[PDB]
Each structure stands twice: as structure tokens, then as C-alpha cells.
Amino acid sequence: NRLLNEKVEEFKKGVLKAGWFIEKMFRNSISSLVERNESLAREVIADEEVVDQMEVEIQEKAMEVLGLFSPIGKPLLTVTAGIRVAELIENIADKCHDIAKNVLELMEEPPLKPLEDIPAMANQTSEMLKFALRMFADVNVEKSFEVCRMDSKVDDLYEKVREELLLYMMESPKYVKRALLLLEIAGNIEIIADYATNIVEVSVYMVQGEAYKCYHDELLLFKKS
């Protein structure tokens, strides 16, 4: 009668497992950079196609649940929220794939410099990813606010890294390619962090049936015309 609940809970756990999968992908992409591990980068590139599949499966299951049970209210919100989260997860995987591509290219020549700010960007981003997936599993609107502040740390680091790498590019032509490849990695981390904030926003909607958005440190009701 309400084995609707069994199927919705399984759908949600599928989405969360694909989440835990990209959480590991992002970890592995940044590890391929710091350890200069060609194989690990190649695994991330391969794993991107696994996540394309996961998106297809999530979408299939959402249709099965919607089409058989025709849910309303909370279960309907959860399923549509799952549809949206699975695209965010797939896109995060695209960005991890692109970081890994950059790692392979970086490995063609010697290390440019010590890595501090990029590892720190990644660390903050992986905290945000973990937190987003935990909000999707069990939403706390009062605490979900914290993701926005976390993102501001990633934005500030990105700006620093961008300025520093521009200086390296200008110092010598031999620094240019590595500095660009590193800058592009930083940019991909910054976007992944944005996606983590979007997972929190969608998770809040999933309970509220009303749109919230990060506005720099503040999670507000979508304040627009």
C-alpha cells in the first residue's frame, strides 16, 4: 500500500551512493595531482563513464517510481529532487574527469612549484561535498546555511591562486603551460564547490517545496522578481 516508501528510499539511497562515488572521484583526481599518479588519473577518466551510467539508472528509476506510484507531496519532492541531484553529480564527475586530464598533461614536464592553495581548495570542497550529501540524506535547513560560508573560502582561494598563477605565466614562457593547467584545475574545483552548494539548495527545496539560494555567506529564500 505504501511500499511506495520502500521504492522511494531505495531511489534516494541510489542517488546517495552515486554521490559517495563522486566524492571518492574528486578525492582521487586531486590525489593523482599531488602524487603524480598516472594510473589514478586514468581511473578517474574511466569512472566518469560509470557516472554517466549512474545518471541514466537514476533517471530510469525515477520514471518507474513516478509512473507506478504517481506520488504527491514529500515522496514526489524527493524523487524530483533526486533527478536534479543526479545531474549535479554527473557534472561533478565531468569536472573530476577534466582535472584528471590536466594531471596527465602536467605529468609531461617537471613540477612547477609547491602545491598549497590548490590542496586547500580541494579539502574545503570535499568537506562541502560530504556535507551536501548528508543534507540530501537528511535535510537540516538551519545548518544547510553553512555550505554558503564554506564556498566563500573556496572563492577567496581561487582568486589568490588565479593571481599567483598569472604571475608565474608572466615570469617565464617555460612556466606558462603548467601554470595554465594548474589554474584550470583550480577553476574546476571552484565549480565543483558551486555544485555542492547547489546540492544543498536542491535538498532544502526537497523539504520546503520553495527555492532557497546561497547569496555569498547567506542561504536566503530565492529573492527575485
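In case it trips you up, residue 1 is the first one in the sequence shown, and so on.
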{"query": "Entry-level comparison of average CA B-factors, 125 to 133 and 105 to 113, reporting the higher stretch", "finding": "105 to 113"}
{"query": "Entry-level comparison of average CA B-factors, 38 to 46 and 195 to 203, reporting the higher stretch", "finding": "38 to 46"}
{"query": "Third of the chain's Cα B-factor distribution that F21 belongs to, per the entry", "finding": "middle"}
{"query": "CA B-factor placement of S144, once the chain's modelled residues are sorted into thirds", "finding": "highest"}
{"query": "Chain thirds of CA B-factor: placement of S172", "finding": "highest"}
{"query": "Within-chain third of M150 by Cα B-factor, per the entry", "finding": "middle"}
{"query": "Where the record places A86 (Cα B-factor, split into thirds across the chain)", "finding": "highest"}
